[PDB]
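Engineer: partial complex follows, first chain(s) only, in situ:
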Amino acid sequence: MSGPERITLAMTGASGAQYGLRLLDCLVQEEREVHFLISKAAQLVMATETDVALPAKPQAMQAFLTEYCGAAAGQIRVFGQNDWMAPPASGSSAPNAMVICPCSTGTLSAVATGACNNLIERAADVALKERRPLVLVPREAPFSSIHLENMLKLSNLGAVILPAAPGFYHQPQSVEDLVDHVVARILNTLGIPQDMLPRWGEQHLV
Amino acid sequence: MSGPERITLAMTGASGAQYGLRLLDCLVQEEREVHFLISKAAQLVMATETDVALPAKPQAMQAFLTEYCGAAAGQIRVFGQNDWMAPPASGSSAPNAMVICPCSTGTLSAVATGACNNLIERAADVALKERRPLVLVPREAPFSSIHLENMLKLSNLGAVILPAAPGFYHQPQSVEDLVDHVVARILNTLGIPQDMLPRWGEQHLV
Amino acid sequence: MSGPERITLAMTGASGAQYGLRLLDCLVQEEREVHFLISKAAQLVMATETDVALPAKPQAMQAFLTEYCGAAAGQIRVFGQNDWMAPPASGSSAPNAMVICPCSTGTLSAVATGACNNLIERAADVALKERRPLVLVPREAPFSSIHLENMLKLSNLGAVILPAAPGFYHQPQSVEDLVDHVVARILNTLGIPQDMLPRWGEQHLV
């Protein structure tokens, strides 16, 4: 197996709920264990932007997502926003890679300053102190200087700032094609196999 | 008329040629005069990503774009990359707003450092020294710290860093819907009317 | 009409509730549409420092403030602290100027770091990314270096840091006279007519 066996996937309240759901689906299909976290504002984004009827409490959310993705039992773990006994909350936990997708500007801010106000923010704080992979997927426009300084600080610290900015260079034909471009970039960054985005120039000899 | 009468629209070599073309179309439909600039690498992006057969030389490019957009005579001006006699090259020119869409990381770098190697880069240098509007639309992922520092410097100077990061919160049904979200943000930033992106919460009283 | 048609007026938990109320009154009398936001701590300041019996829920607060100011129907909109569907929460909203008066040091901090924890903080984050006017009215003493660095960062970004520091140079005779000095400065900054603070030296020829 290439790439991390366990991924902490946090969804926070920026537009782009489809990116998180599609990423979750691909992680499940690659037989990865996913520790799934979702903020209160992200739950509202999902209700506004999609037809997914995501249950509110973690136990029922875990059942729903398992059915939605066709995951194995225990493959998707769901942890609530104040569950400090969950693996992502401590560096003594087993190593995960972490993705925040979408990453709201508020969560971006909290991770940059170390606010640790909820399990998503603490889990990123832990990823940085343990030097485990951390990928942030912001979705905002314009990016203000406040946004950019927070992204730059975290990038300087080794976090990967991967904006939800799909490329158009494989003739996209649908919204789903654009979503897949970003999801493929994330999987590439994590080192996890994907077949949605070809290897640029791989056939190009001279 | 709300917003600028004249817009310098530069296209540079990031993916997202559709954003530039659609923005050009909307500017024409709003009866704006457009000074159109396109880099050599952007011409290659357009040939790779779209079915637009854009002529190479400025005179023929100007004819093509006028037909493509249904523009009036002289409404679209095309200037070549070393035409230092064109309006965008001097601050003594008449005031324009400027948009670089897409904005490659190379053009982002040149504007941040003041390289002024071609008319697109000099025109942005002029926009900054004259404190005229400058909007950059980067399309890249991940954003490295090199990218982010250049974006932050320019944002601190008053340029608008508007990444090609479409929002999903008006139920997009096609690639064109996502393109329009970004194009609408640009038009909003310039203060030019648009009807593709509703005013959020405008009906919301309490 | 001079100045902004719509103003987001946020009250947060620093002493000086009278400044916010008087500013709200003047905005109403200038026929401006006001999107009114108030933090939980500010509600407690108002109960401690004034005899205003402000209702707690937005619907009833909106009724009360309309009566208090003699506003027209719909002229004052009240939005709760987690109402992400309200206009101030998105840059795709119609343009407002924004004033935080009083601005607590906690809200000052959140805006400086981009925390976006509630609608007041997100609305300021949106004002900065859209380059729409943002005026902060802190009331604190001493200002620590933590306070000052946050004020300096935001001032460098174009926010107006307007401390609740009334001037004495028009022979004030009451608390209300000192309140009006600050409120007049805010209206001047927004470009909205006021007749409480004369134009200094306007009659002075030589």
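Structural biologist: All right, it came through fine. Numbering: from 1, shown residues only, chains lettered A, B, ... in the order given.

Engineer: ok, residues contacting the top helix by length along chain A?
Structural biologist: For chain A, the helix with the greatest residue count under DSSP state H is helix A:175-190. Around helix A:175-190, the neighbours that count as contacts under C-beta atoms under 8 Å, 6 or more residues apart in numbering or on different chains are A:3-4, A:7, A:18-19, A:22-23, A:26, A:30, A:97, A:99, A:101, A:133, A:135, A:137, A:160, A:162, A:164-168, A:170, A:172, A:193-194, A:196-197, B:141-142, B:166, B:172-175, B:177-178. (Each C-beta comes from the backbone N, C-alpha and C, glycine too.)

Engineer: could you export it as CSV, CA atoms only?
Structural biologist: Listed in CSV are the C-alpha atoms of helix A:175-190, where the atom choice follows Å, rounded to 0.1, in the frame of the first residue of the first chain:
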residue,chain,number,x,y,z
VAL,A,175,-19.2,19.7,-12.5
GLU,A,176,-18.1,16.2,-11.4
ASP,A,177,-15.1,16.4,-13.7
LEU,A,178,-13.9,19.6,-12.1
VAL,A,179,-14.5,18.2,-8.6
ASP,A,180,-12.4,15.1,-9.5
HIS,A,181,-9.5,17.3,-10.6
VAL,A,182,-9.1,18.8,-7.1
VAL,A,183,-9.8,15.4,-5.4
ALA,A,184,-7.1,13.8,-7.6
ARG,A,185,-4.6,16.6,-6.6
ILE,A,186,-5.3,15.8,-3.0
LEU,A,187,-4.8,12.1,-3.5
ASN,A,188,-1.5,12.8,-5.4
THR,A,189,-0.3,15.0,-2.5
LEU,A,190,-1.1,12.3,0.0
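
Engineer: one more chain, chain D:
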Amino acid sequence: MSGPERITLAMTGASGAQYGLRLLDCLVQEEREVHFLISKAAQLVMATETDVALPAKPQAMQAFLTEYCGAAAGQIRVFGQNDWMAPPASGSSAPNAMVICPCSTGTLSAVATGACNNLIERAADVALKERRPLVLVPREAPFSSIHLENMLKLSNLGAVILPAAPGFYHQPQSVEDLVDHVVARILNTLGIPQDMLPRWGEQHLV
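Structural biologist: So, slotting chain D in with the rest:
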């Protein structure tokens, strides 16, 4: 006796002459020795904003202020703006605490840069090099980034930046009540007894 026996009280040309006069009165009533300094612009502020007829030359100013405050003989010393033989001008002097109230933005600038152009500015330069207390009471609005950077530099060096921003949380009934709030904060900062501002929550057990 709690707090400093000797206080250098400098008045400079910001609005708020009443704060300086009331502070001088309270220092006298607490039996402190006051080295009183006043700038040329502050003399003009006092003539504009109050009915105090302050004599111009130090000898007569010293007589007037002694009568005004009911001070003992020699309790108030007045020194002119170029009197480099006065105690405040040398660090070899006996230790004083220093307050500049009001502190103009020009005096703020001079102290931040070390300009030492007059006795007020040199005395503050001496307070900083000897690490003796220095309290600045600016009165300005907006604070520009120039103001804020100067305040931040001095706060980082241990000066207390105490803006003339009265609090409203003890039901003020007059201009004098608001003046007293700021004067009480200054006395608190110096460690000198005052009974104008109660100790917040002192009776609050749980």
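
Engineer: can you give me the angle the longest helix of chain A makes with helix B:175-190?
Structural biologist: 80 degrees (axes from the mean of the first three to the mean of the last three C-alpha atoms, to 10 degrees).

Engineer: so which residue of chain A comes closest to chain D?
Structural biologist: Nearest residue of chain A to chain D: residue A:145, at 13.8 Å (C-beta to the nearest C-beta).

Engineer: give me the distance between that residue and residue C:112.
Structural biologist: When distances are taken as C-beta to C-beta, to the nearest Å, residue A:145 and residue C:112 turn out to be 11 Å apart.

Engineer: what's the answer for residue A:152, then?
Structural biologist: 16 Å.

Engineer: give me the number of residues near the spatially closest residue to residue A:39 that is not a sequence neighbour?
Structural biologist: Once its chain neighbours are removed from consideration, residue A:39 has its nearest residue in residue A:12; the separation is 4.6 Å (C-beta to C-beta, 6 or more residues apart in numbering or on different chains). Counted by other C-beta atoms under 10 Å in any protein chain shown, the residues lying close to residue A:12 total 30.

Engineer: residues from chain A in reach of chain C?
Structural biologist: A:13, A:41, A:44, A:104-106, A:108-110, A:112-113, A:115, A:117, A:140-147, A:150 (C-beta under 8 Å from any C-beta of the partner chain).

Engineer: with the structure above as the base, add chain E:
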Amino acid sequence: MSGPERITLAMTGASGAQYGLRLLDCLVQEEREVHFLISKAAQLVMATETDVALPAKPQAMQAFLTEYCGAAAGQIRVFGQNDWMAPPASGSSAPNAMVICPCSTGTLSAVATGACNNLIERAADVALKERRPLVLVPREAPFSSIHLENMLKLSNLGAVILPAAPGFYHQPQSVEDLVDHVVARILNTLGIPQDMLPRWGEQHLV
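Structural biologist: Chain E added:
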């Protein structure tokens, strides 16, 4: 009317008195109200470099300049260097744009540090805190790092640093032609009509 109705025009002691006089003439011919300020060192520059016999006291200076420019009564106001009751000294004044032309390196320094030692320096301090236009026209060579850091700080704050560096690209035939180039740039920056500098490339279609 395009551009500001009122302009504060300060002349300080760099070489280039002709620029200030010609700018004053053009502002008068565009029917603008001018608040004219001149430093002691600038008066000496004018006596050294020109044949203008400028009276020393403001009242007589105001009479002379009115005759010199052919201005209407009250169109040119002259204020002395310590006239703190003049409009430029307070932000509560009516809005002006401000130009310092020529701008000595000493006045550049004072504005960068906030020294506010005279009415010219305070008026610029007020322009910055009120975010009203401020244009500085330095004339010096070489620019030292001290000069450049002061110019950069002020440019970062939104002041326009416009050096007296005339362009040669409209075939200048006299000293007056070079003066007019700089004066035209200033008028362009203020948004005030001028016909001395053509709009570059305005006729250039492709």
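
Engineer: which of the residues in the longest helix of chain A are buried?
Structural biologist: Taking 16 or more other C-beta atoms under 10 Å in any protein chain shown as the neighbour-count basis, helix A:175-190 is seen to contain the buried residues A:175, A:178-190.

Engineer: repeat that for stretch A:130-148.
Structural biologist: For stretch A:130-148, burial by neighbour count (16+ other C-beta under 10 Å) applies to A:132-148.

Engineer: among those, name the ones in helices.
Structural biologist: Counting by DSSP H, the buried residues of stretch A:130-148 contribute A:145-148 to helices.

Engineer: and these as TSV, adding distance to chain E?
Structural biologist: Formatted as TSV, these follow (distance: C-beta to the nearest C-beta, whole Å):
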residue	distance to chain E
A:145	12
A:146	17
A:147	19
A:148	16
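
Engineer: and which of these is nearest residue C:56?
Structural biologist: Distance to residue C:56 across these (C-beta to C-beta) is lowest for residue A:146, with 31.2 Å.

Engineer: so which residues of chain A form helices?
Structural biologist: Under the criterion DSSP H, helices of chain A are mapped to A:17-29, A:40-49, A:58-69, A:105-113, A:119-129, A:145-156, A:175-190.

Engineer: so of those helices, which one's packed in deepest?
Structural biologist: Highest mean neighbour count of the helices of chain A: helix A:105-113, a mean of 25 (counted as mean count of other C-beta atoms under 10 Å in any protein chain shown).
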